[PDB]
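Participant: What follows is query_13.pdb, PDB, C-alpha atoms and all ligand atoms.
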```pdb
ATOM      1  CA  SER A   1    -177.314 221.666 156.848  1.00  0.00           C
ATOM      2  CA  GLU A   2    -174.416 219.322 157.584  1.00  0.00           C
ATOM      3  CA  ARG A   3    -172.771 219.619 154.154  1.00  0.00           C
ATOM      4  CA  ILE A   4    -170.703 222.584 152.985  1.00  0.00           C
ATOM      5  CA  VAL A   5    -169.336 223.214 149.490  1.00  0.00           C
ATOM      6  CA  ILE A   6    -166.056 225.098 149.093  1.00  0.00           C
ATOM      7  CA  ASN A   7    -165.377 226.554 145.647  1.00  0.00           C
ATOM      8  CA  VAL A   8    -161.589 226.904 145.509  1.00  0.00           C
ATOM      9  CA  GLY A   9    -160.491 228.391 142.204  1.00  0.00           C
ATOM     10  CA  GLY A  10    -163.442 226.897 140.368  1.00  0.00           C
ATOM     11  CA  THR A  11    -163.191 223.364 141.790  1.00  0.00           C
ATOM     12  CA  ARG A  12    -166.014 222.374 144.131  1.00  0.00           C
ATOM     13  CA  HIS A  13    -164.765 220.691 147.300  1.00  0.00           C
ATOM     14  CA  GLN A  14    -167.603 219.259 149.374  1.00  0.00           C
ATOM     15  CA  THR A  15    -167.438 218.135 152.993  1.00  0.00           C
ATOM     16  CA  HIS A  16    -169.334 217.924 156.266  1.00  0.00           C
ATOM     17  CA  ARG A  17    -169.227 220.777 158.764  1.00  0.00           C
ATOM     18  CA  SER A  18    -167.873 218.415 161.431  1.00  0.00           C
ATOM     19  CA  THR A  19    -164.748 217.822 159.345  1.00  0.00           C
ATOM     20  CA  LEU A  20    -164.031 221.552 159.168  1.00  0.00           C
ATOM     21  CA  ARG A  21    -164.926 221.948 162.839  1.00  0.00           C
ATOM     22  CA  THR A  22    -162.258 219.416 163.892  1.00  0.00           C
ATOM     23  CA  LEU A  23    -159.282 221.800 163.675  1.00  0.00           C
ATOM     24  CA  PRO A  24    -160.242 224.995 165.535  1.00  0.00           C
ATOM     25  CA  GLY A  25    -158.832 228.477 165.055  1.00  0.00           C
ATOM     26  CA  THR A  26    -158.070 228.018 161.360  1.00  0.00           C
ATOM     27  CA  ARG A  27    -159.903 229.651 158.462  1.00  0.00           C
ATOM     28  CA  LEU A  28    -162.041 226.625 157.579  1.00  0.00           C
ATOM     29  CA  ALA A  29    -163.013 226.353 161.247  1.00  0.00           C
ATOM     30  CA  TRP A  30    -164.506 229.840 160.954  1.00  0.00           C
ATOM     31  CA  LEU A  31    -166.183 228.641 157.758  1.00  0.00           C
ATOM     32  CA  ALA A  32    -167.931 225.801 159.602  1.00  0.00           C
ATOM     33  CA  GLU A  33    -169.632 228.203 162.028  1.00  0.00           C
ATOM     34  CA  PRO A  34    -173.144 229.524 161.275  1.00  0.00           C
ATOM     35  CA  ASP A  35    -171.914 233.147 161.125  1.00  0.00           C
ATOM     36  CA  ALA A  36    -169.952 232.628 157.925  1.00  0.00           C
ATOM     37  CA  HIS A  37    -172.172 234.111 155.197  1.00  0.00           C
ATOM     38  CA  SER A  38    -171.208 237.674 156.122  1.00  0.00           C
ATOM     39  CA  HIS A  39    -167.558 237.016 156.993  1.00  0.00           C
ATOM     40  CA  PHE A  40    -166.608 235.226 153.766  1.00  0.00           C
ATOM     41  CA  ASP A  41    -167.364 235.350 150.061  1.00  0.00           C
ATOM     42  CA  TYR A  42    -170.579 233.446 149.433  1.00  0.00           C
ATOM     43  CA  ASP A  43    -173.279 233.329 146.785  1.00  0.00           C
ATOM     44  CA  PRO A  44    -176.717 232.001 147.802  1.00  0.00           C
ATOM     45  CA  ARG A  45    -177.629 230.845 144.287  1.00  0.00           C
ATOM     46  CA  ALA A  46    -175.167 227.934 144.430  1.00  0.00           C
ATOM     47  CA  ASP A  47    -174.554 227.850 148.218  1.00  0.00           C
ATOM     48  CA  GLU A  48    -170.766 227.829 147.753  1.00  0.00           C
ATOM     49  CA  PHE A  49    -167.987 229.816 149.382  1.00  0.00           C
ATOM     50  CA  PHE A  50    -165.414 231.039 146.868  1.00  0.00           C
ATOM     51  CA  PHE A  51    -161.684 231.193 147.589  1.00  0.00           C
ATOM     52  CA  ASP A  52    -159.313 232.336 144.840  1.00  0.00           C
ATOM     53  CA  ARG A  53    -156.565 229.820 145.579  1.00  0.00           C
ATOM     54  CA  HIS A  54    -154.862 226.798 144.062  1.00  0.00           C
ATOM     55  CA  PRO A  55    -157.313 223.861 144.338  1.00  0.00           C
ATOM     56  CA  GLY A  56    -154.808 221.046 143.886  1.00  0.00           C
ATOM     57  CA  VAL A  57    -153.163 221.780 147.241  1.00  0.00           C
ATOM     58  CA  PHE A  58    -156.433 222.560 148.959  1.00  0.00           C
ATOM     59  CA  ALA A  59    -157.212 218.907 148.299  1.00  0.00           C
ATOM     60  CA  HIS A  60    -154.364 218.040 150.679  1.00  0.00           C
ATOM     61  CA  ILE A  61    -155.311 220.736 153.203  1.00  0.00           C
ATOM     62  CA  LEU A  62    -158.839 219.345 153.358  1.00  0.00           C
ATOM     63  CA  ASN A  63    -157.342 215.858 153.605  1.00  0.00           C
ATOM     64  CA  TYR A  64    -155.548 217.081 156.724  1.00  0.00           C
ATOM     65  CA  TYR A  65    -158.916 218.168 158.099  1.00  0.00           C
ATOM     66  CA  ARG A  66    -160.473 214.799 157.231  1.00  0.00           C
ATOM     67  CA  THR A  67    -157.856 212.246 158.289  1.00  0.00           C
ATOM     68  CA  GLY A  68    -155.863 214.228 160.860  1.00  0.00           C
ATOM     69  CA  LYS A  69    -152.308 214.025 159.465  1.00  0.00           C
ATOM     70  CA  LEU A  70    -150.696 216.732 157.350  1.00  0.00           C
ATOM     71  CA  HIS A  71    -148.777 215.571 154.279  1.00  0.00           C
ATOM     72  CA  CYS A  72    -146.999 217.451 151.505  1.00  0.00           C
ATOM     73  CA  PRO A  73    -148.007 216.822 147.863  1.00  0.00           C
ATOM     74  CA  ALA A  74    -144.928 215.650 145.980  1.00  0.00           C
ATOM     75  CA  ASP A  75    -146.114 217.418 142.789  1.00  0.00           C
ATOM     76  CA  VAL A  76    -145.666 221.046 143.935  1.00  0.00           C
ATOM     77  CA  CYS A  77    -142.625 222.980 145.116  1.00  0.00           C
ATOM     78  CA  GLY A  78    -141.944 223.309 148.819  1.00  0.00           C
ATOM     79  CA  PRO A  79    -142.430 227.090 148.875  1.00  0.00           C
ATOM     80  CA  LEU A  80    -145.729 226.839 146.983  1.00  0.00           C
ATOM     81  CA  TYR A  81    -147.262 224.474 149.527  1.00  0.00           C
TER
ATOM     82  CA  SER B   1    -181.678 243.666 141.221  1.00  0.00           C
ATOM     83  CA  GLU B   2    -184.608 245.201 139.350  1.00  0.00           C
ATOM     84  CA  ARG B   3    -186.363 241.906 138.570  1.00  0.00           C
ATOM     85  CA  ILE B   4    -188.395 239.882 141.063  1.00  0.00           C
ATOM     86  CA  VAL B   5    -189.867 236.408 140.565  1.00  0.00           C
ATOM     87  CA  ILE B   6    -193.110 235.496 142.331  1.00  0.00           C
ATOM     88  CA  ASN B   7    -193.872 231.782 142.605  1.00  0.00           C
ATOM     89  CA  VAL B   8    -197.652 231.631 143.026  1.00  0.00           C
ATOM     90  CA  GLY B   9    -198.827 228.049 143.391  1.00  0.00           C
ATOM     91  CA  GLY B  10    -195.981 226.731 141.274  1.00  0.00           C
ATOM     92  CA  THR B  11    -196.273 229.238 138.411  1.00  0.00           C
ATOM     93  CA  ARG B  12    -193.395 231.703 138.139  1.00  0.00           C
ATOM     94  CA  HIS B  13    -194.575 235.279 137.630  1.00  0.00           C
ATOM     95  CA  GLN B  14    -191.704 237.637 136.854  1.00  0.00           C
ATOM     96  CA  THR B  15    -191.769 241.427 136.980  1.00  0.00           C
ATOM     97  CA  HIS B  16    -189.767 244.541 137.783  1.00  0.00           C
ATOM     98  CA  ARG B  17    -189.713 245.968 141.297  1.00  0.00           C
ATOM     99  CA  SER B  18    -191.032 249.294 139.986  1.00  0.00           C
ATOM    100  CA  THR B  19    -194.241 247.596 138.855  1.00  0.00           C
ATOM    101  CA  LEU B  20    -194.869 246.224 142.346  1.00  0.00           C
ATOM    102  CA  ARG B  21    -193.837 249.539 143.886  1.00  0.00           C
ATOM    103  CA  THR B  22    -196.529 251.430 141.935  1.00  0.00           C
ATOM    104  CA  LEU B  23    -199.450 250.518 144.222  1.00  0.00           C
ATOM    105  CA  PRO B  24    -198.343 251.204 147.813  1.00  0.00           C
ATOM    106  CA  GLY B  25    -199.679 249.645 150.995  1.00  0.00           C
ATOM    107  CA  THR B  26    -200.583 246.324 149.382  1.00  0.00           C
ATOM    108  CA  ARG B  27    -198.811 243.007 149.912  1.00  0.00           C
ATOM    109  CA  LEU B  28    -196.783 243.111 146.690  1.00  0.00           C
ATOM    110  CA  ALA B  29    -195.691 246.640 147.596  1.00  0.00           C
ATOM    111  CA  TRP B  30    -194.119 245.183 150.740  1.00  0.00           C
ATOM    112  CA  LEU B  31    -192.587 242.517 148.504  1.00  0.00           C
ATOM    113  CA  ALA B  32    -190.848 245.145 146.362  1.00  0.00           C
ATOM    114  CA  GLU B  33    -189.004 246.608 149.362  1.00  0.00           C
ATOM    115  CA  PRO B  34    -185.487 245.376 150.239  1.00  0.00           C
ATOM    116  CA  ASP B  35    -186.627 244.078 153.654  1.00  0.00           C
ATOM    117  CA  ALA B  36    -188.714 241.275 152.189  1.00  0.00           C
ATOM    118  CA  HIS B  37    -186.553 238.158 152.620  1.00  0.00           C
ATOM    119  CA  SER B  38    -187.393 237.888 156.321  1.00  0.00           C
ATOM    120  CA  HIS B  39    -191.027 239.017 156.114  1.00  0.00           C
ATOM    121  CA  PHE B  40    -192.134 236.579 153.404  1.00  0.00           C
ATOM    122  CA  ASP B  41    -191.507 233.020 152.284  1.00  0.00           C
ATOM    123  CA  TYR B  42    -188.365 232.971 150.165  1.00  0.00           C
ATOM    124  CA  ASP B  43    -185.763 230.441 149.095  1.00  0.00           C
ATOM    125  CA  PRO B  44    -182.327 231.750 148.049  1.00  0.00           C
ATOM    126  CA  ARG B  45    -181.568 228.788 145.776  1.00  0.00           C
ATOM    127  CA  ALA B  46    -184.099 229.937 143.161  1.00  0.00           C
ATOM    128  CA  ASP B  47    -184.580 233.557 144.341  1.00  0.00           C
ATOM    129  CA  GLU B  48    -188.380 233.220 144.305  1.00  0.00           C
ATOM    130  CA  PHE B  49    -191.049 234.176 146.812  1.00  0.00           C
ATOM    131  CA  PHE B  50    -193.677 231.465 147.238  1.00  0.00           C
ATOM    132  CA  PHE B  51    -197.375 232.189 147.753  1.00  0.00           C
ATOM    133  CA  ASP B  52    -199.810 229.277 148.019  1.00  0.00           C
ATOM    134  CA  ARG B  53    -202.593 230.866 145.982  1.00  0.00           C
ATOM    135  CA  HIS B  54    -204.427 230.466 142.693  1.00  0.00           C
ATOM    136  CA  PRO B  55    -202.044 231.627 139.922  1.00  0.00           C
ATOM    137  CA  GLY B  56    -204.634 232.186 137.205  1.00  0.00           C
ATOM    138  CA  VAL B  57    -206.141 235.154 139.053  1.00  0.00           C
ATOM    139  CA  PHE B  58    -202.793 236.441 140.235  1.00  0.00           C
ATOM    140  CA  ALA B  59    -202.132 236.994 136.541  1.00  0.00           C
ATOM    141  CA  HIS B  60    -204.916 239.597 136.600  1.00  0.00           C
ATOM    142  CA  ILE B  61    -203.812 241.074 139.938  1.00  0.00           C
ATOM    143  CA  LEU B  62    -200.317 241.588 138.549  1.00  0.00           C
ATOM    144  CA  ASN B  63    -201.893 243.001 135.389  1.00  0.00           C
ATOM    145  CA  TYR B  64    -203.545 245.591 137.627  1.00  0.00           C
ATOM    146  CA  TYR B  65    -200.104 246.450 138.984  1.00  0.00           C
ATOM    147  CA  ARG B  66    -198.665 246.696 135.463  1.00  0.00           C
ATOM    148  CA  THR B  67    -201.308 248.597 133.490  1.00  0.00           C
ATOM    149  CA  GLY B  68    -203.159 250.425 136.273  1.00  0.00           C
ATOM    150  CA  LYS B  69    -206.764 249.262 135.752  1.00  0.00           C
ATOM    151  CA  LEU B  70    -208.380 246.417 137.675  1.00  0.00           C
ATOM    152  CA  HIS B  71    -210.434 243.944 135.644  1.00  0.00           C
ATOM    153  CA  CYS B  72    -212.259 240.753 136.578  1.00  0.00           C
ATOM    154  CA  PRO B  73    -211.396 237.494 134.759  1.00  0.00           C
ATOM    155  CA  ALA B  74    -214.569 236.176 133.146  1.00  0.00           C
ATOM    156  CA  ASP B  75    -213.452 232.553 133.730  1.00  0.00           C
ATOM    157  CA  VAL B  76    -213.765 232.459 137.547  1.00  0.00           C
ATOM    158  CA  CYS B  77    -216.712 233.015 139.868  1.00  0.00           C
ATOM    159  CA  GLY B  78    -217.255 236.422 141.414  1.00  0.00           C
ATOM    160  CA  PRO B  79    -216.669 235.225 144.985  1.00  0.00           C
ATOM    161  CA  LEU B  80    -213.447 233.437 144.012  1.00  0.00           C
ATOM    162  CA  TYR B  81    -211.887 236.577 142.555  1.00  0.00           C
TER
HETATM  163 ZN    ZN A 101    -141.048 226.289 143.404  1.00  0.00          ZN
HETATM  164 ZN    ZN A 102    -218.263 230.353 142.491  1.00  0.00          ZN
END
```
Please, can you express the file's structure as structure tokens?
Facilitator:
Amino acid sequence: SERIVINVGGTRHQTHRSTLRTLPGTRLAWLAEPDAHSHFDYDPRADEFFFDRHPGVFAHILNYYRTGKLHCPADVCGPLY
Amino acid sequence: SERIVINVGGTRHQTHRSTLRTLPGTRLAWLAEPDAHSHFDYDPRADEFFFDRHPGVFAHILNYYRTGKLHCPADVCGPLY
């Protein structure tokens, strides 16, 4: 019950709930809480939350959650990120 | 949402909810209702209820639910059935 799988635009991003729980107040912080099945899109057959967003930049967002420093991917426009 | 899978001792018995809903008051009748996830053993990963019983005779119990006539399997003792 420590692992959580985010399905962002069809790409499965997997992480521990502690990682999401680091940065409070943000959307993924609300994901990490146990009252998240009702709040967010979720299918119990695969145990994944689905967000209809660009996955390539969510990699860097989740990297912010993991390491603690926010960086900009040099392969997307400024406004996109 | 019309199909329901019963896992009886490791053998998957599949049926429609109407079939279970035919005979009221019995255990499978309570299974057919929408408030059955909490009442009974159930895992959302496979969407199956698990009962730790002999499956070979549950075949005949479910056949009672389907056809409407209760028969005894001639391959098990009287007290077992
Ligand atoms: Zn641009
Ligand atoms: Zn016997």
Participant: Which residues are near ligand ZN 102 (chain A) in this structure, taking near to mean any atom at most 12 Å from a ligand atom and counting only C-alpha atoms and all ligand atoms? Format them as a ChimeraX atom specification.
Facilitator: /B:74-81
Participant: When you draw a straight line from CA of residue 2 (chain A) to CA of residue 18 (chain A), how long is it in Å?
Facilitator: 7.6 Å
Participant: Dump as a PyMOL selection string the residues of chain A that approach chain B to within 8 Å, counting all atoms listed in the file.
Facilitator: chain A and resi 44-47
Participant: Applied to the shown file, which residues does the PyMOL selection byres (((chain B and resi 15) around 12) and not hetatm) return, written as a PDB file with C-alpha atoms, in the frame of the given file?
Facilitator:
```pdb
ATOM      1  CA  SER B   1    -181.678 243.666 141.221  1.00  0.00           C
ATOM      2  CA  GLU B   2    -184.608 245.201 139.350  1.00  0.00           C
ATOM      3  CA  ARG B   3    -186.363 241.906 138.570  1.00  0.00           C
ATOM      4  CA  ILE B   4    -188.395 239.882 141.063  1.00  0.00           C
ATOM      5  CA  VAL B   5    -189.867 236.408 140.565  1.00  0.00           C
ATOM      6  CA  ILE B   6    -193.110 235.496 142.331  1.00  0.00           C
ATOM      7  CA  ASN B   7    -193.872 231.782 142.605  1.00  0.00           C
ATOM      8  CA  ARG B  12    -193.395 231.703 138.139  1.00  0.00           C
ATOM      9  CA  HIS B  13    -194.575 235.279 137.630  1.00  0.00           C
ATOM     10  CA  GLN B  14    -191.704 237.637 136.854  1.00  0.00           C
ATOM     11  CA  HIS B  16    -189.767 244.541 137.783  1.00  0.00           C
ATOM     12  CA  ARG B  17    -189.713 245.968 141.297  1.00  0.00           C
ATOM     13  CA  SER B  18    -191.032 249.294 139.986  1.00  0.00           C
ATOM     14  CA  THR B  19    -194.241 247.596 138.855  1.00  0.00           C
ATOM     15  CA  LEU B  20    -194.869 246.224 142.346  1.00  0.00           C
ATOM     16  CA  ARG B  21    -193.837 249.539 143.886  1.00  0.00           C
ATOM     17  CA  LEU B  28    -196.783 243.111 146.690  1.00  0.00           C
ATOM     18  CA  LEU B  31    -192.587 242.517 148.504  1.00  0.00           C
ATOM     19  CA  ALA B  32    -190.848 245.145 146.362  1.00  0.00           C
ATOM     20  CA  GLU B  48    -188.380 233.220 144.305  1.00  0.00           C
ATOM     21  CA  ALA B  59    -202.132 236.994 136.541  1.00  0.00           C
ATOM     22  CA  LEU B  62    -200.317 241.588 138.549  1.00  0.00           C
ATOM     23  CA  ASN B  63    -201.893 243.001 135.389  1.00  0.00           C
ATOM     24  CA  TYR B  65    -200.104 246.450 138.984  1.00  0.00           C
ATOM     25  CA  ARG B  66    -198.665 246.696 135.463  1.00  0.00           C
TER      26      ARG B  66
END
```
Participant: Using Å and a single decimal, report how far CA of residue 61 (chain B) sits from CA of residue 11 (chain B).
Facilitator: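 Rounded to one decimal, the two atoms are 14.1 Å apart.
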Participant: Just the number, please: distance in Å from CA of residue 57 (chain B) to CA of residue 8 (chain B), one decimal.
Facilitator: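 Atom-to-atom, CA of residue 57 (chain B) and CA of residue 8 (chain B) are spaced 10.0 Å apart.
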Participant: Compare B:24, B:36, B:10, B:64 by their minimum atom-to-atom distance to residue 52 (chain B), counting all atoms listed in the file, and give me the closest one.
Facilitator: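 Ranked by minimum distance to residue 52 (chain B), first place goes to B:10.
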Participant: Have a look at A:68, A:37, A:56, A:73 and name the one nearest to residue 22 (chain A); count all atoms listed in the file.
Facilitator: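 Ranking A:68, A:37, A:56, A:73 by distance to residue 22 (chain A), first place goes to A:68.
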Participant: Find the spatial neighbours of residue 60 (chain B), counting only C-alpha atoms, within a cut-off of 8 Å - ignore same-chain residues fewer than 5 positions away - and output them as a PDB file with C-alpha atoms, in the frame of the given file.
Facilitator:
```pdb
ATOM      1  CA  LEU B  70    -208.380 246.417 137.675  1.00  0.00           C
ATOM      2  CA  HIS B  71    -210.434 243.944 135.644  1.00  0.00           C
ATOM      3  CA  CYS B  72    -212.259 240.753 136.578  1.00  0.00           C
ATOM      4  CA  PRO B  73    -211.396 237.494 134.759  1.00  0.00           C
TER       5      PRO B  73
END
```
